[PDB]
């Protein structure tokens, strides 16, 4: 089997991407944030505290003939941005882009933090990291990809995120029309539950490539590119007037600037992030100070190849017995 679904930016900045997902019988379609940095599929639901729902579409398990309470199971998750959610668990039929999993754990939110409430466009998350990170207790549950894997034509999914435009998540096949040149594959460590890999270096603009190992995670659920302070300083030093602002919470730059590209290495291959991808617009409405798309990972504890980086590439998440990651230009 295979699946193919379009993923759409939630706003004009590509803060996140939503992908329609069919849950239950008859189908209830919710727009979920596919997140390769976590491993829970959770939804706003009929059980979510009413004051914490503000415009989201909810899953109502009582209206699904295939929903079954997973008795005794609870979940609770905290994300890198400080947001969180928790609740109980049902199993139900879940389909993405024509690919159907029966008996998928669907984690029903009883509580969500303010960041989720305030984002009317995201109806929940669909985790695509390794199932070892799943938070269901006392019986850990598998991700949608893990459940689908044996039935897929090939044990892979691909992320093809757009810049200010829709893109695609495919399951079970590599669309050879979706990228240019060849795909370069690189080793993955699953030791922390992430799609963790090591970039071979970077360049700023038309500058020379610096060969240096940068361990980080491929994370579709993080907006920006978070890299070591040395790398980030070298980037922003090429933008007149850019500075790190503790009050704003990262590097800012004059909105009048033209940003340089940023290149990252994948083995001997190179992925180029155009300068425009690094512009996250005015810090506040009407400001002439703009927020940068490359930020320091210092104090996160991990480097994160978030959407800013991933949307510059066609990315293969290879879930073979020894997982790997592939990157192509597009």
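In the entry's author numbering, the protein residues as written are 1 to 330. The beta-carbon is built from N, C-alpha and C at its ideal position, and this holds for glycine as well.
Are at least three pairs of beta-carbons, each pair with one atom in the segment 296-311 and one in the segment 131-149, less than 8 Å apart?
-> no
Cβ-based neighbour list, residue 95, same chain, cut-off 6 Å, excluding 5 preceding and 5 following | Locating residue 95 in the chain shown gives position 95, where the first residue counts as 1. Excluding positions up to five away in sequence, the list reads 22.
Cα-Cα separation, residue 251 to residue 18 = Here residue 251 refers to the residue found at position 251 of the chain shown. Here residue 18 refers to the residue found at position 18 of the chain shown. Between residue 251 and residue 18, the C-alpha separation is close to 27 Å.
Given that a residue counts as buried once 16 or more other Cβ atoms are within 10 Å of its Cβ, and exposed if not, what is residue 304?
-> For this step, residue 304 is matched to residue 304 along the chain shown. That one is buried.
Residue 115 lies in the alpha helix (DSSP H); which residues open and close that run?
-> The count along the chain shown starts at 1 and reaches residue 115 at position 115. Looking at the DSSP string, the run of the alpha helix (DSSP H) that includes residue 115 is 114-117.
Where do the ends of the alpha helix (DSSP H) carrying residue 310 lie?
-> By 1-based counting over the chain shown, the position of residue 310 is 310. Per DSSP, residue 310 belongs to the alpha helix (DSSP H) from 307-310.
Whole angstroms is fine: what's the gap from residue 56's alpha carbon to residue 208's?
-> On the chain shown, position 56 is the one that residue 56 refers to. On the chain shown, position 208 is the one that residue 208 refers to. Residue 56 and residue 208: Cα-Cα distance of roughly 47 Å.
What are the boundary residues of the beta strand (DSSP E) that includes residue 272?
-> In the chain shown, the residue the question calls residue 272 occupies position 272. Residues 269-273.
Candidates 48, 52, 59, 282, of which the one nearest residue 29 by Cα | By 1-based counting over the chain shown, the position of residue 29 is 29. Taking only the C-alpha atoms, the option nearest residue 29 is 59.
Cα-Cα, which of 317, 326, 121, 328 is closest to residue 130?
-> Taking the chain shown and counting its residues from 1, the one referred to as residue 130 is at position 130. The residue among 317, 326, 121, 328 with its C-alpha nearest the C-alpha of residue 130 is 317.
State the DSSP-derived secondary structure class of residue 107, mapped to helix, strand or coil.
-> Along the chain shown, read from residue 1 onward, the residue named residue 107 stands at position 107. Here residue 107 sits in strand by DSSP.
Which whole-angstrom value describes the C-beta separation of residue 38 and residue 221, a residue pair presumed to lie in contact below a C-beta threshold of 8 Å?
-> Along the chain shown, one-based indexing puts residue 38 at 38. Along the chain shown, one-based indexing puts residue 221 at 221. About 6 Å separates the two Cβ atoms, so the contact holds.
Which residues in the same chain as residue 61 place their Cβ atom closer than 6 Å to its Cβ, once the five residues preceding and following it in sequence are excluded?
-> Within the chain shown, the letter at position 61 stands for residue 61. Correct list, in chain order: 67, 90.
Three-state secondary structure assigned by DSSP to residue 191 | Along the chain shown, read from residue 1 onward, the residue named residue 191 stands at position 191. Residue 191: coil per DSSP, three-state reduction.
Straight-line CA distance for residue 167 to residue 290?
-> Numbered from 1 along the chain shown, position 167 holds the residue referred to as residue 167. Numbered from 1 along the chain shown, position 290 holds the residue referred to as residue 290. Spanning the two alpha carbons is a distance of roughly 25 Å.
Assess, as a yes-or-no matter, whether the segment 322-329 is touched by the segment 264-284 under the definition of 3 or more beta carbon pairs within less than 8 Å.
-> yes
For residue 121, which option in 103, 54, 112, 143 has the closest C-alpha, if you only look at C-alpha atoms?
-> For the purposes of this step, residue 121 is taken as the residue at position 121 of the chain shown. For the residues 103, 54, 112, 143, the minimum Cα distance to residue 121 belongs to 54.
With a cut-off of 8 Å on the beta carbons, I'd call residue 164 and residue 9 a contact; round off their distance for me.
-> Position 164 of the chain shown, counted from the start, is the residue given in the question as residue 164. Position 9 of the chain shown, counted from the start, is the residue given in the question as residue 9. Their Cβ separation, rounded to whole angstroms, is 7 Å, which keeps residue 164 and residue 9 in contact under 8 Å.
Based on Cα-Cα distance, which residue from 113, 40, 105, 181 lies nearest to residue 49?
-> Locating residue 49 in the chain shown gives position 49, counting from the first residue. For the residues 113, 40, 105, 181, the minimum Cα distance to residue 49 belongs to 113.
Could you check what DSSP says for residue 170 in three-state terms: helix, strand or coil?
-> Taking the chain shown and counting its residues from 1, the one referred to as residue 170 is at position 170. Strand, per DSSP.
What residues in its chain sit with their C-beta under 7 Å from that of residue 102, if we drop five residues either side in the sequence?
-> Against the chain shown, residue 102 aligns to sequence position 102. Contacts found: 93.
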